[PDB]
Amino acid sequence: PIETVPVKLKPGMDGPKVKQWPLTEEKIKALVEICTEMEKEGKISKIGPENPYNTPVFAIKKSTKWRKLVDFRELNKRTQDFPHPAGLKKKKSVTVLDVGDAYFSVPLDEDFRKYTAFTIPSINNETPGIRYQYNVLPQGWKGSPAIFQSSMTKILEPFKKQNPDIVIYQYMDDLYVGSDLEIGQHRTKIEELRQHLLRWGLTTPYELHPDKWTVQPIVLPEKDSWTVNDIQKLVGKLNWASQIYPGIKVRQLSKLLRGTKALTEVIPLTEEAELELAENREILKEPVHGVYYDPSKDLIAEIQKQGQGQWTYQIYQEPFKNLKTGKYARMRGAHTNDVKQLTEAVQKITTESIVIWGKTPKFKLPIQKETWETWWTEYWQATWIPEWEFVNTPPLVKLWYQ
Amino acid sequence: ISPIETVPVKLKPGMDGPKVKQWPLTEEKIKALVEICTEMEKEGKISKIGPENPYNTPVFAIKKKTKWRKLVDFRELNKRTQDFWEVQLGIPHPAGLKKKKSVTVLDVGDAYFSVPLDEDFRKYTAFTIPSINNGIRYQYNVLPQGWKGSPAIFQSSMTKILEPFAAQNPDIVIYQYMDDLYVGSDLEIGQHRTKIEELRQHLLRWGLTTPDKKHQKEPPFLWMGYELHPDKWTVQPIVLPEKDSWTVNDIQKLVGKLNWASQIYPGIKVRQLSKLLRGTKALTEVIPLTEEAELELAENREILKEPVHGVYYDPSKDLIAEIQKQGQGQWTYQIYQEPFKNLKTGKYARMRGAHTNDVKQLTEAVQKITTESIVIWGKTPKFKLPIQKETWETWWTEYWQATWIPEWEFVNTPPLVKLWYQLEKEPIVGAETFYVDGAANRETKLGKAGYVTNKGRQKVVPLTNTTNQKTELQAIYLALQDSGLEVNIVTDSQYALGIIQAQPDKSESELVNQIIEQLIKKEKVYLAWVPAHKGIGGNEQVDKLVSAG
Ligand SMILES: Cc1c(Oc2ccccc2OCCn2ccc(=O)[nH]c2=O)cc(F)c2ccc(C#N)cc12
Ligand SMILES: [Mg+2]
């Protein structure tokens, strides 16, 4: 492994200089233990003040043992050099494997190491933070799987030879393994792959079913008795859906409210209006016409809090052109909260995004910036980190995707 | 003197050293510079160099009115040198300091000049002492004062130097800040003085002098706008100027000092003054003071009339935070461990939006306190809050945005944080149904707000100098005014709907405030939305009534 791979940055671009977030004494202590041990193993080294670069670090749990997560988003943006199977989403079962440890077998380009610099913060600015840089390929850096790619192909070659119908896609520190086998057979094959990797010195210390994923069809209410207010809600919703589905009409439904009525007045569904509603229920069954994925455009994920542990989400690239929609739910158990559910939702959506298109979406999070920045690590189990921003957009979007 | 290893320094890629010519100086300054530079050359701090050094940096000598000082202008060199790991900008907060029995302040004399400078970089520090006819060439061997790399490299060097002594003395706490060391311990005063002396000699072995006498600084310590006493801390005396006219700059310094005071003086209100500062024009122009700003400043003066202090931190005791309302959108808080012994205080008066409510602002205040607590103590405090579980739970449950509420105990201390009103979730039976609409001409700015009800009541009110949004709000307001205690309201305005559904209890606009007062006076209000220009029924009548005219 003596031969390091020369890594470059995009022309006219300097290394990352991101602020290290303040941490609790617990997390700092954990990071000090972890980095002490990593230093003893030659994985990282202490650096002097001539290194101006910096990358945020966090302590998570992923087990009871603390794990160290590095936010290489900026470095990833500033460093690039060099595929995704479309059949992965078709498979019945898909299992994710952590293969990040392998990266610590390969030395990092000496001239590039300074860009991986990070800081363990002190409490109350008592001392300057403890600064390190990486000597090996660090987890979370998009350069690591790229450099290790040949070795990975080498190790996986026999298994792929044995199992031609099994799909293996790599994203960052993760291996996605998809099969159409029965669940027991699937998990057995997964374990075989695990033991193969292990016996070839690749330590691997979460299974999905994309066969059930879909774009949620818009659902219209069903009532025994309709009030004026109900018909108003229905007409508003159908009007909203008319931007996406062209054949939707509301004339016969809105006709039932002609005049100036009290909101609570009970209105009988005439034959024509019920016909129109039925037709509108039928057109909402078929998928949208002209929506296609563009690999050159950013993926955008919006999320709405629905209450009672329910969260809706949409993935699109252009407005009103949803590539995917969904609804996430969590059993309360009194141990849950908004931040936990939102974090879990973000991770699930990101996973689905990776499986389907092979990249992470840009999130619009319905939460205050500082709150998210404070508590997002508490439930974060993934090794990757998507981009995100913070928004409002409450007013009608909730009840329509509801 | 090279026991201290040097930090390798490079120029920015593609840049060469500075060649700023030496400005002509008077004979006296030349003499002073010659003597000082001979004394520094004698100490090994600088060296005379050959003729083939192409680089130059202007040098000057002055004595601020007895002693002479050499100042070097390293601006060009600094612009041409690499970046370094940013030196500590943030200072420790006094409320975070753990009470020690013994405390010592060590000032390092000639800090920068005691640390060697990277060999290959010394040629770029070249400066010239002017001859009378036309000169003597010099270069630095140590960290120059005013150079870009000096603070960080001195910092690093000091850390590495301190590592062994700290290794052999884990019972001694050493803070490092600029050219100062702050040493604390719980040993007996005598053996504490002994440990201090050991540290002094150790530093002297690396070429770092410390105060030779009984250490020059004694309690209380004046430091970065703070007074550090043995058993307490406070802020240095805040003097608020009294002027007839106020400029932007004066107001900025005023809110600056008030901000500074707020960390220990409970009750400080800066909001109206910053509202005055909303004029982000030049700092020259005169800003007329609002009555609210006058009152605010007056109250601040009344608060600053009394001396206040804070206590130090004890890791064994719990961390507790309390929050009280200060009136219109302003909040104050106290962080303590002992019930009346405050670690520190603070404020929160951000709207972050045109409209909000008490519970939202309270939650935001809690957020700010949480962040600050993590920064200062490395932990989150327990919260004693003037709000009941039913209130907050209802709010965060109905709140469309995700929020994090800590474990807290309800302290009954008026004014309590409450929901002044709650919109209905279902339409109201028996209540009159107002279909409302507002319109405005986007050119003449003229408009009108109107309603039509199911009882057959219709009305239109004229409006001058307005916009469509404000007319929609105006229409909602009109429906509130002319209705009974219960009322259903239907609008086609997503804007107005969004403003009302957020359920604010305070606003920047007086119209929204009036609407709020009305909503409070009501018993049941249900707001419904319909798409405009869809001939819904009720909405079409008010549109035809008000949209065209
Ligand atoms: C003197 C001292 C400190 O002292 C401490 C040094 C090391 C560890 C713990 C300390 O303080 C705990 C709190 N405290 C404080 C003052 C006192 O008199 N007694 C105390 O118990 C800590 C600081 F940030 C100082 C910052 C600037 C200056 C100056 N000039 C002196 C400081
Ligand atoms: Mg309108």
Side-chain angles (χ1 to χ4, degrees), chain A residues 122-127, chain B residues 88 90-108 162 166 169-187 189 192 195-196 199 211 215-234 236 309-315 343-344 376-377 435-442 447-452 466-476 478-479 489-497 529-534 536 538-543 545-549:
Chain A
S122 62
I123 307 173
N124 199 21
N125 292 116
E126 297 167 5
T127 72
Chain B
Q88 297 226 57
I91 68 181
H93 195 281
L97 301 176
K98 282 151 285 182
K99 169 62 181 170
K100 291 298 178 178
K101 178 175 175 55
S102 297
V103 134
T104 311
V105 174
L106 299 179
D107 299 88
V108 182
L162 284 173
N169 299 270
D171 293 332
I172 283 83
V173 182
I174 305 182
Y175 286 71
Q176 174 180 177
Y177 182 78
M178 304 283 90
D179 45 20
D180 291 341
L181 296 170
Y182 315 122
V183 187
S185 70
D186 287 339
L187 288 317
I189 172 65
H192 171 87
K195 287 292 182 178
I196 294 303
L199 177 57
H215 306 102
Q216 264 284 351
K217 291 166 183 172
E218 284 176 310
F221 304 106
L222 293 317
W223 176 79
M224 304 296 296
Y226 289 111
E227 298 186 7
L228 304 181
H229 296 80
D231 205 35
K232 67 185 179 183
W233 74 271
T234 190
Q236 295 177 21
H309 70 263
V311 299
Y312 294 120
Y313 182 59
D314 174 33
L343 272 299
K344 73 182 296 298
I376 297 180
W377 300 282
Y435 294 83
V436 306
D437 200 331
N441 186 276
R442 309 166 202 273
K448 48 178 68 165
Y451 63 74
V452 176
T466 176
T467 65
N468 282 266
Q469 298 185 330
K470 192 176 177 180
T471 58
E472 291 288 358
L473 286 181
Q474 205 81 55
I476 293 182
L478 181 64
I489 301 179
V490 184
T491 179
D492 57 33
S493 179
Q494 297 187 47
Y495 167 79
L497 172 75
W529 178 90
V530 297
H533 307 308
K534 275 272 132 57
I536 303 298
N539 174 79
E540 186 176 5
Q541 282 74 4
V542 196
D543 197 70
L545 170 62
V546 97
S547 192

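Note: hydrogens, waters and symmetry copies are ignored here, and every other heavy atom, side chains too, is used. Chain A is the first sequence line, chain B the second, and so forth, proteins listed ahead of strands; every chain is numbered from 1. First listed ligand is number 1; within each ligand, the first listed atom is number 1.
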- Query: What residues, two or more places apart in sequence or in another chain, satisfy ring-ring contact (aromatic ring centres under 6.0 Å, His included) together with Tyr177(B)?
  - Reply: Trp223(B)

Between ligand 1 and the protein, which N/O pairs are shorter than 3.5 Å?
residue, atom, partner, partner atom, Å
ligand 1, 19 (N), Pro230(B), O, 3.4
ligand 1, 21 (O), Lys100(B), N, 2.9
ligand 1, 21 (O), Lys100(B), O, 3.2

- Apex the Mg ion (ligand 2) - arms OD1 from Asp492(B) and OE2 from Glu472(B) - angle rounded to 10°: 90°

- Could you pull out all residues at least two apart from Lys195(B) that satisfy salt bridge (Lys or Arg N to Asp or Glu O under 4.0 Å)? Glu198(B)

- Query: Does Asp543(B) reach the side chain of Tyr435(B), with side-chain heavy atoms less than 4.5 Å apart?
  - Reply: no

- Are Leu199(B) and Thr104(B) side-chain neighbours, meaning at least one heavy-atom pair lies under 4.5 Å? no

- Item | Which residues share a salt bridge (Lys or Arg N to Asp or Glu O under 4.0 Å) with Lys344(B), sequence neighbours left out | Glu372(B)

- Looking only at heavy atoms, the pair that brings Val311(B) and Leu343(B) closest together is O-CD1, 3.3 Å

